[PDB]
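I have placed the structure first, in the form of structure tokens, so that the comments after it can refer back to it.
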Amino acid sequence: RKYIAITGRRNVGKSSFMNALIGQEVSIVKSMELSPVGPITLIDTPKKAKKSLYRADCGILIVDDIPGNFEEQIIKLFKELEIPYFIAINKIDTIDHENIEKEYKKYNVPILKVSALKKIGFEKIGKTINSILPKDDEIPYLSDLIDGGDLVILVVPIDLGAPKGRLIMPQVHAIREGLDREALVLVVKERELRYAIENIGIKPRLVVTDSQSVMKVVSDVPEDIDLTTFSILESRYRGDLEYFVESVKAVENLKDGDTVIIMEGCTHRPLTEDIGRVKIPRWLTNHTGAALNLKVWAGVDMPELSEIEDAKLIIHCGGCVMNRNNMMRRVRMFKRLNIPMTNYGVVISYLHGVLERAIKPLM
Amino acid sequence: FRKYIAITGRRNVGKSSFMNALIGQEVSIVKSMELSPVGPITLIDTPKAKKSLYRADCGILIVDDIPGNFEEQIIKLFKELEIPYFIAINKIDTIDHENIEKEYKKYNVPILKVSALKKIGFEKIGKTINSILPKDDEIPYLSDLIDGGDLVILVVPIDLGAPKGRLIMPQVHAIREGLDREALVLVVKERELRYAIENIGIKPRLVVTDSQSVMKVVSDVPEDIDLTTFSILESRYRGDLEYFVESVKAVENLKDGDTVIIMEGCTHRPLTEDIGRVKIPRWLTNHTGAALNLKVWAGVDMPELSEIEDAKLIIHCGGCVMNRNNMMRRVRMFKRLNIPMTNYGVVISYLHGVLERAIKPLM
Ligand code: SF4
Ligand code: SF4
């Protein structure tokens, strides 16, 4: 579900607006179903307003007068917190088409005219929310980004992969994107990389390796050739690599009592996935020498403030099943709360001492 | 799909009683029958036996006396027609354990003892049939062609393929098998092949191309380098490349009245598959100058003799949905009838004048 922030002065009548908007509920048998957007949750916002706006996907600023110290203040807050918004002129039965043009046009945001008492204009909110809601459109995995025509890309997988005659999706995607850019894609097992580099006669533009063959291959790849991992490529692809890389530095500042949350992007994690639940916590404890308060969070939606509040670092999974939107919604939430958020991929690369090299072609 | 069992024996042996007693073994929960461990089976009574034995998967020779001119003749026929068999001694209530050791051991085939009248030994036929039935196990797609360890394999796909971030299965399979043999797999679009060959600095062991980019790439690939197509690789993989290549020569001898059967290995071909139904017939008519009697056979299971009898050539599909066994059964049936059988892949390569080159690394 999407989280809508409801902002306005005490006099504007937020209660009447929220009740009239709930009258738009379109469910078949303050949360509700509002078309064309799916399920939504209205957040009433009664000095860090950061504690309420932390998981807001978009906001509504309800006005009935000329922009003042309140309007200017919450607009600056929406901009700072990366929250899209629109202005809803309430009580149009008293002031009407006065503030629509003469003011508020300068904010370059949608302006709607409503009357909660007269029951007018609430059938236009759903479409307006849908238009401002952050759609986190797919960004290239390695294509338009790091490739060009005639370049050699070396994709280095492990000695063991997926079922007979098949390949894992990050490998297929990396090959497809390379061919899309008309680059030559050289797929090679870790044992053939040294031979390939030394005899291929074309300088590789990029070498992409599996995170489990990285420590071996870093040695085989000359320093002048760009090298990354599929874990780092995934990190950038669906998350925020810059934030994940900056947030991993928090590992150094971890104290004994400090809370670390292993955050999962799904409720269907395989029992064979012990990298975040078992492996990373043990590596973190050995590296820091801190008896950390390791906690695990797993769900499809957004955590409540109480579940994440005093976390010193969030270590989110790769997000194999998650889209960019859902991953970015979590990133913006931790950015708003100023809580460091990293990846399994960024943590692995950091502790192995290959992060600086792996991010060099991307940053 | 069901298995066909040939029932052979002299007029004096009880073929009728044997067949009726064996049908007594029917194990269906709801002359054809369900015989465990094998699935559905069809018994063929054999009163040029080639016309009855044409689709026989295996055979049973029913005896009650010392091997004669009939036994020796039928055994030679099973060997010539590539039909596995076993001996069944009927009327054991009269002769018993006499012919089991003293004779028939020389044929090195399973020998069973039965009595159709006394109802004894028929519960052992199912397991015996199952043991002699041709399995037709998976043969390598290209792994056997690239002794790898260091060999460069160039996989050349087209400018257009499958959906975004994905690749078609013959491409993924060819890459997987290359990595299985620890080869260096270079995936490249047809526009980059000339550039790859000239700058890659390693001599390719094999170049595999799409059948739609073959006429262009034959020019780009030096004569000393082995080159094949995915169509030719599929032909060998699930069919008989030697028979398909020998049988394509029949195209030259095609007369005006001559019957050509376009044979499909599934009843659900996509409407976008006009290569065998529309394209090949038009190419065949232009090439030969013959007003051929083009017919289409589609299904799973063996065709009846009347449906294929006077066909001068069979042009079978690639069989994407079929297994090696079902295709090989069709190959053996046409070999027995001495009817030429070819592929869409072998026909395309032949008419485009690239067959000799494409089969050179395989034959
Ligand atoms: S990596 Fe995939 S399977 Fe594992 S917890 Fe994250 S979303 Fe679930
Ligand atoms: S190639 Fe595949 S889809 Fe086409 S007729 Fe043969 S089995 Fe059916």
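Identifiers for the structure tokens are assigned positionally: chains receive A, B, ... in sequence, residues are indexed from 1 per chain, and ligands are indexed from 1 in the order shown.
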
Check every residue of chain A for an atom within 7 Å of chain B, counting only C-alpha atoms, and provide those that qualify as a short mmCIF file (atom, residue, chain, number, x, y, z; two decimals) with N, CA, C and O atoms, in the first residue's frame.
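This went into iface-v1.cif:
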data_model
loop_
_atom_site.label_atom_id
_atom_site.label_comp_id
_atom_site.auth_asym_id
_atom_site.auth_seq_id
_atom_site.Cartn_x
_atom_site.Cartn_y
_atom_site.Cartn_z
N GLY A 165 21.68 -27.34 -18.67
CA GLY A 165 21.41 -26.56 -19.87
C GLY A 165 20.84 -25.17 -19.66
O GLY A 165 20.42 -24.53 -20.63
N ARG A 166 20.84 -24.67 -18.42
CA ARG A 166 20.29 -23.37 -18.05
C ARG A 166 21.33 -22.51 -17.31
O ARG A 166 22.35 -23.02 -16.84
N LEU A 167 21.05 -21.19 -17.21
CA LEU A 167 21.89 -20.20 -16.53
C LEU A 167 21.05 -19.31 -15.60
O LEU A 167 19.91 -19.02 -15.92
N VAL A 172 22.14 -14.27 -17.63
CA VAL A 172 21.37 -14.08 -18.88
C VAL A 172 21.15 -12.58 -19.16
O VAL A 172 21.39 -12.13 -20.29
N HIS A 173 20.74 -11.81 -18.14
CA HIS A 173 20.50 -10.37 -18.21
C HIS A 173 21.79 -9.60 -18.63
O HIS A 173 21.74 -8.76 -19.52
N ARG A 176 22.46 -10.45 -22.35
CA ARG A 176 21.48 -9.77 -23.19
C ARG A 176 21.78 -8.27 -23.33
O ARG A 176 21.81 -7.78 -24.45
N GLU A 177 22.03 -7.58 -22.20
CA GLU A 177 22.37 -6.15 -22.19
C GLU A 177 23.67 -5.82 -22.94
O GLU A 177 23.75 -4.79 -23.59
N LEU A 179 24.83 -7.63 -25.54
CA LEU A 179 24.47 -7.81 -26.95
C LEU A 179 23.60 -6.64 -27.43
O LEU A 179 23.73 -6.21 -28.58
N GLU A 182 25.73 -3.96 -28.58
CA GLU A 182 26.61 -4.47 -29.66
C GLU A 182 28.08 -4.62 -29.19
O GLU A 182 29.02 -4.42 -29.96
N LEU A 184 31.01 -7.30 -27.48
CA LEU A 184 31.29 -8.72 -27.61
C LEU A 184 31.29 -9.25 -26.18
O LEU A 184 32.02 -8.71 -25.34
N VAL A 185 30.46 -10.25 -25.89
CA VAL A 185 30.34 -10.81 -24.54
C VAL A 185 31.15 -12.12 -24.41
O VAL A 185 30.83 -13.10 -25.07
N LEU A 186 32.17 -12.12 -23.55
CA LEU A 186 32.98 -13.32 -23.32
C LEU A 186 32.61 -13.90 -21.97
O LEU A 186 32.85 -13.28 -20.94
N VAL A 187 31.91 -15.05 -21.98
CA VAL A 187 31.48 -15.76 -20.78
C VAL A 187 32.55 -16.80 -20.48
O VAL A 187 32.94 -17.58 -21.36
N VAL A 188 33.06 -16.79 -19.27
CA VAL A 188 34.17 -17.65 -18.90
C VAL A 188 34.12 -18.08 -17.43
O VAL A 188 33.75 -17.27 -16.58
N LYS A 189 34.50 -19.33 -17.12
CA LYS A 189 34.56 -19.80 -15.74
C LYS A 189 35.82 -19.20 -15.12
O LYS A 189 36.75 -18.86 -15.86
N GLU A 192 39.47 -20.01 -16.36
CA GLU A 192 39.89 -19.59 -17.70
C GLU A 192 40.14 -18.09 -17.86
O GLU A 192 40.60 -17.67 -18.91
N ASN A 199 45.46 -13.78 -23.61
CA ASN A 199 45.42 -14.16 -25.03
C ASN A 199 44.34 -13.53 -25.89
O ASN A 199 44.40 -13.65 -27.11
N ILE A 200 43.34 -12.89 -25.29
CA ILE A 200 42.18 -12.36 -25.99
C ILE A 200 42.52 -11.19 -26.97
O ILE A 200 41.72 -10.92 -27.87
N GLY A 201 43.67 -10.54 -26.81
CA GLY A 201 44.09 -9.49 -27.73
C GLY A 201 43.24 -8.25 -27.90
O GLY A 201 43.54 -7.42 -28.77
N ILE A 202 42.17 -8.10 -27.09
CA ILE A 202 41.31 -6.90 -27.03
C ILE A 202 41.26 -6.54 -25.54
O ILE A 202 41.06 -7.43 -24.71
#

Identify, with DSSP run on backbone atoms, the residues in stretch 161-322 of chain A assigned to strand (DSSP E or B), and express the list as an MDAnalysis selection string. chainID A and resid 184:187 204:209 226:229 259:264 293:298 313:316

Would you give me, as a tab-separated table, each residue of chain A having an atom within 8 Å of an atom of ligand 1, along with its shortest atom pair and that distance in Å to one decimal, using only C-alpha atoms and all ligand atoms and sorting by chain and residue number?
residue	atom	partner	partner_atom_place_in_ligand_line	distance
A:263	CA	ligand 1	5 (S)	7.8
A:264	CA	ligand 1	5 (S)	4.4
A:265	CA	ligand 1	7 (S)	4.3
A:266	CA	ligand 1	8 (Fe)	4.2
A:267	CA	ligand 1	8 (Fe)	6.4
A:268	CA	ligand 1	8 (Fe)	5.7
A:269	CA	ligand 1	3 (S)	4.1
A:270	CA	ligand 1	3 (S)	6.1
A:273	CA	ligand 1	4 (Fe)	6.4
A:298	CA	ligand 1	5 (S)	7.5
A:316	CA	ligand 1	6 (Fe)	7.7
A:317	CA	ligand 1	6 (Fe)	4.6
A:318	CA	ligand 1	1 (S)	4.8
A:319	CA	ligand 1	7 (S)	4.2
A:320	CA	ligand 1	2 (Fe)	4.1
A:321	CA	ligand 1	7 (S)	4.7
A:322	CA	ligand 1	7 (S)	5.9

Could you check how far atom CA of residue A:49 sits from atom CA of residue A:310, in Å to one decimal? 16.9 Å

Contacts of ligand 2, 8 Å or closer, only C-alpha atoms and all ligand atoms, given as a list in words: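 Final answer, ordered by chain and number: residues 263, 264, 265, 266, 267, 268, 269, 270, 273, 298, 316, 317, 318, 319, 320, 321 and 322 of chain B.
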
Restricting the output to N, CA, C and O atoms, write the selected residues as an mmCIF file, in the first residue's frame.
data_model
loop_
_atom_site.group_PDB
_atom_site.id
_atom_site.type_symbol
_atom_site.label_atom_id
_atom_site.label_comp_id
_atom_site.auth_asym_id
_atom_site.auth_seq_id
_atom_site.Cartn_x
_atom_site.Cartn_y
_atom_site.Cartn_z
ATOM 1 N N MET B 263 5.977 -33.166 -41.691
ATOM 2 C CA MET B 263 5.645 -33.861 -40.448
ATOM 3 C C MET B 263 6.005 -33.067 -39.184
ATOM 4 O O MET B 263 7.144 -32.619 -39.010
ATOM 5 N N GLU B 264 5.015 -32.923 -38.288
ATOM 6 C CA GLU B 264 5.179 -32.164 -37.043
ATOM 7 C C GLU B 264 5.092 -33.060 -35.812
ATOM 8 O O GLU B 264 4.352 -34.050 -35.811
ATOM 9 N N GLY B 265 5.904 -32.736 -34.810
ATOM 10 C CA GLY B 265 5.996 -33.501 -33.574
ATOM 11 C C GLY B 265 5.132 -33.016 -32.432
ATOM 12 O O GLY B 265 5.382 -33.373 -31.276
ATOM 13 N N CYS B 266 4.097 -32.209 -32.759
ATOM 14 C CA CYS B 266 3.117 -31.636 -31.828
ATOM 15 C C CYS B 266 1.854 -31.122 -32.549
ATOM 16 O O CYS B 266 1.916 -30.649 -33.691
ATOM 17 N N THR B 267 0.716 -31.187 -31.846
ATOM 18 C CA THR B 267 -0.590 -30.771 -32.358
ATOM 19 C C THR B 267 -0.878 -29.289 -32.036
ATOM 20 O O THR B 267 -1.973 -28.805 -32.341
ATOM 21 N N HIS B 268 0.108 -28.571 -31.444
ATOM 22 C CA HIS B 268 -0.038 -27.170 -31.054
ATOM 23 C C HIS B 268 1.070 -26.251 -31.596
ATOM 24 O O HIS B 268 1.612 -25.436 -30.846
ATOM 25 N N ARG B 269 1.380 -26.350 -32.906
ATOM 26 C CA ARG B 269 2.390 -25.486 -33.539
ATOM 27 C C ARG B 269 1.909 -24.027 -33.498
ATOM 28 O O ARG B 269 0.714 -23.775 -33.709
ATOM 29 N N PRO B 270 2.798 -23.055 -33.230
ATOM 30 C CA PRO B 270 2.358 -21.650 -33.252
ATOM 31 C C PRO B 270 1.995 -21.217 -34.674
ATOM 32 O O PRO B 270 2.590 -21.727 -35.624
ATOM 33 N N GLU B 273 4.713 -20.214 -37.039
ATOM 34 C CA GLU B 273 5.561 -21.267 -37.597
ATOM 35 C C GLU B 273 5.060 -21.682 -38.991
ATOM 36 O O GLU B 273 4.365 -22.696 -39.157
ATOM 37 N N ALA B 298 0.394 -34.057 -38.644
ATOM 38 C CA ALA B 298 0.645 -33.482 -37.323
ATOM 39 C C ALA B 298 0.055 -34.335 -36.229
ATOM 40 O O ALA B 298 -1.095 -34.761 -36.309
ATOM 41 N N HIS B 316 10.437 -33.531 -41.662
ATOM 42 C CA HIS B 316 10.031 -33.410 -40.275
ATOM 43 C C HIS B 316 10.513 -32.103 -39.671
ATOM 44 O O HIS B 316 11.618 -31.649 -39.986
ATOM 45 N N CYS B 317 9.721 -31.537 -38.741
ATOM 46 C CA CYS B 317 10.070 -30.320 -38.004
ATOM 47 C C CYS B 317 11.313 -30.560 -37.114
ATOM 48 O O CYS B 317 11.778 -31.701 -36.999
ATOM 49 N N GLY B 318 11.801 -29.500 -36.466
ATOM 50 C CA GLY B 318 12.946 -29.553 -35.566
ATOM 51 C C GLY B 318 12.680 -30.331 -34.296
ATOM 52 O O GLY B 318 13.629 -30.767 -33.642
ATOM 53 N N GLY B 319 11.389 -30.480 -33.962
ATOM 54 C CA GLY B 319 10.852 -31.221 -32.824
ATOM 55 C C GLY B 319 11.125 -30.637 -31.459
ATOM 56 O O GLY B 319 11.353 -31.393 -30.519
ATOM 57 N N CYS B 320 11.066 -29.293 -31.332
ATOM 58 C CA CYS B 320 11.317 -28.520 -30.097
ATOM 59 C C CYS B 320 10.704 -29.133 -28.828
ATOM 60 O O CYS B 320 11.312 -29.083 -27.770
ATOM 61 N N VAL B 321 9.502 -29.687 -28.949
ATOM 62 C CA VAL B 321 8.683 -30.243 -27.874
ATOM 63 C C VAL B 321 8.856 -31.791 -27.725
ATOM 64 O O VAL B 321 8.486 -32.361 -26.700
ATOM 65 N N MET B 322 9.465 -32.438 -28.707
ATOM 66 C CA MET B 322 9.697 -33.883 -28.686
ATOM 67 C C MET B 322 10.988 -34.257 -27.958
ATOM 68 O O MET B 322 11.910 -33.436 -27.860
#

When you look at residue A:132 with a cut-off of 7 Å (counting only C-alpha atoms), what residues show up, excluding the ones that are within fewer than 2 positions of it in the same chain? I need them as a PyMOL selection string. chain A and resi 84-85+128-130+134

List the neighbours of residue B:352 out to 9 Å using only C-alpha atoms; skip same-chain residues closer than 3 positions along the sequence, and give me the result as a compact mmCIF listing (two decimals) with N, CA, C and O atoms, in the first residue's frame.
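Wrote selection20.txt, looks like this:
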# COMPACT_ATOMS: atom_id res chain seq x y z
N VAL B 214 23.32 -17.32 -41.19
CA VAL B 214 24.31 -18.23 -41.76
C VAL B 214 24.86 -17.75 -43.13
O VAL B 214 26.08 -17.68 -43.24
N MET B 215 24.01 -17.41 -44.13
CA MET B 215 24.48 -16.98 -45.47
C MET B 215 25.40 -15.77 -45.44
O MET B 215 26.30 -15.67 -46.27
N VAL B 347 16.99 -29.05 -44.65
CA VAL B 347 16.41 -28.52 -45.90
C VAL B 347 16.82 -27.06 -46.12
O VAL B 347 17.31 -26.74 -47.21
N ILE B 348 16.69 -26.19 -45.09
CA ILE B 348 17.08 -24.78 -45.12
C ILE B 348 18.55 -24.65 -45.51
O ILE B 348 18.86 -23.98 -46.49
N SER B 349 19.45 -25.35 -44.78
CA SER B 349 20.89 -25.35 -45.01
C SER B 349 21.24 -25.83 -46.43
O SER B 349 22.14 -25.27 -47.05
N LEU B 355 24.93 -26.41 -46.31
CA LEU B 355 24.88 -27.74 -45.66
C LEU B 355 26.25 -28.41 -45.50
O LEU B 355 26.57 -28.82 -44.39

Can you work out the spacing between atom CA of residue A:152 and atom CA of residue A:242 in Å, to one decimal?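 About the pair atom CA of residue A:152 and atom CA of residue A:242: they are 26.3 Å apart.
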
Identify, with DSSP run on backbone atoms, the residues in stretch 99-314 of chain A assigned to alpha helix (DSSP H), and express the list as a PyMOL selection string. chain A and resi 99-102+125-132+143-146+169-180+193-199+214-220+230-238+241-248+280-288+305-308

Find the residues around residue A:275 up to 12 Å (only C-alpha atoms counted), leave out those fewer than 2 positions away in its own chain, and share them as JSON, numbers by chain. {"A": [212, 262, 264, 269, 270, 271, 272, 273, 277, 278, 279, 280, 281, 282, 283, 284, 315, 316, 317, 318, 343, 344, 345, 347, 348]}

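Atom CA of residue B:75 to atom CA of residue B:46 spans 13.9 Å [interatomic distance, one decimal].
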
Do a neighbour search on residue B:247 at 8 Å with only C-alpha atoms, toss out local chain neighbours closer than 2 positions, and write the hits as a list in words. residues 243, 244, 245, 249, 250, 313, 340, 341 and 342 of chain B

Expected file: the selected residues, N, CA, C and O atoms, as a compact mmCIF listing (two decimals), in the first residue's frame:
# COMPACT_ATOMS: atom_id res chain seq x y z
N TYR B 243 21.13 -39.58 -41.50
CA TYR B 243 19.97 -39.96 -42.30
C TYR B 243 19.29 -38.75 -42.91
O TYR B 243 18.83 -38.85 -44.05
N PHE B 244 19.22 -37.62 -42.17
CA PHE B 244 18.60 -36.37 -42.61
C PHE B 244 19.39 -35.76 -43.75
O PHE B 244 18.78 -35.22 -44.67
N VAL B 245 20.73 -35.87 -43.70
CA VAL B 245 21.64 -35.35 -44.72
C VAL B 245 21.58 -36.23 -45.99
O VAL B 245 21.53 -35.69 -47.10
N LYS B 249 19.10 -35.37 -50.34
CA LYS B 249 19.50 -35.56 -51.75
C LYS B 249 18.30 -35.95 -52.64
O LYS B 249 18.33 -35.72 -53.85
N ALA B 250 17.22 -36.48 -52.02
CA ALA B 250 15.96 -36.88 -52.66
C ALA B 250 15.24 -35.70 -53.31
O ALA B 250 14.47 -35.91 -54.24
N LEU B 313 9.37 -38.28 -49.85
CA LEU B 313 10.22 -37.59 -48.88
C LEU B 313 9.38 -37.08 -47.73
O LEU B 313 8.29 -36.55 -47.94
N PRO B 340 12.80 -41.62 -47.59
CA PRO B 340 13.70 -40.57 -47.10
C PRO B 340 13.03 -39.62 -46.11
O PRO B 340 11.90 -39.18 -46.34
N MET B 341 13.70 -39.34 -44.99
CA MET B 341 13.24 -38.42 -43.96
C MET B 341 14.32 -37.40 -43.69
O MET B 341 15.47 -37.76 -43.42
N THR B 342 13.95 -36.12 -43.75
CA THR B 342 14.85 -35.01 -43.50
C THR B 342 14.21 -34.06 -42.46
O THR B 342 13.16 -34.37 -41.89

Within 10 Å of residue A:98, counting only C-alpha atoms, which residues show up once you throw out same-chain ones fewer than 6 positions away? Write them as a PyMOL selection string, please. chain A and resi 64-66+89+92
